[PDB]
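Just below is one structure, and these are the notes that go with it.
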Amino acid sequence: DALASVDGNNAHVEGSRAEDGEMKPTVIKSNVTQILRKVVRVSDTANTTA
Amino acid sequence: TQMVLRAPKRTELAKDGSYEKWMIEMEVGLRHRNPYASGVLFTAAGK
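Heads up: the protein sequence lines correspond to chains A and B, in order. Quick note: the first sequence, position 42, residue 42 per the working numbering, numbers continuous. If you want the working numbering, it's the 1-based position in the second sequence plus 100.
Okay, structure coming up:
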């Protein structure tokens, strides 16, 4: 969310009611997930070698 | 200091409908003592 933009021109005058302004809605963002992968393969003979 | 005249009060008013429109009123002013007690410096360029 982000507050409205300050203006400083607020000079409303007496009166039971008064004018209305604008309001900014809440924004929404999104991110996607990535898959990291590492494959490995080795023969049994090589795995047993010292 | 800060002079406040009307903080938002709550009283039984004729609030009808479903618009739910609300308003917030606040009357404020400012007071300063001994005008020559505070100083101001306006940053500007030469002639």
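No residue lacks a Cβ here, since even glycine has one placed at the ideal position from N, Cα and C.
| Query | Result |
| --- | --- |
| When you compare only the Cα positions, how much space is there between residue 103 of chain B and residue 29 of chain A? | 43 Å |
| Any idea which residues DSSP pairs residue 129 of chain B with across the strands? | B:103 |
| The alpha helix (DSSP H) that contains residue 45 of chain A, what's its start and end? | 44 to 48 |
| Kindly indicate which residue of B:127, B:146, B:116 has the alpha-carbon position closest to the one of residue 14 of chain A. | B:127 |
| Keeping to the same chain, check which residues put their C-beta closer than 6 Å to that of residue 105 of chain B; ignore five residues upstream and five downstream. | 127 |
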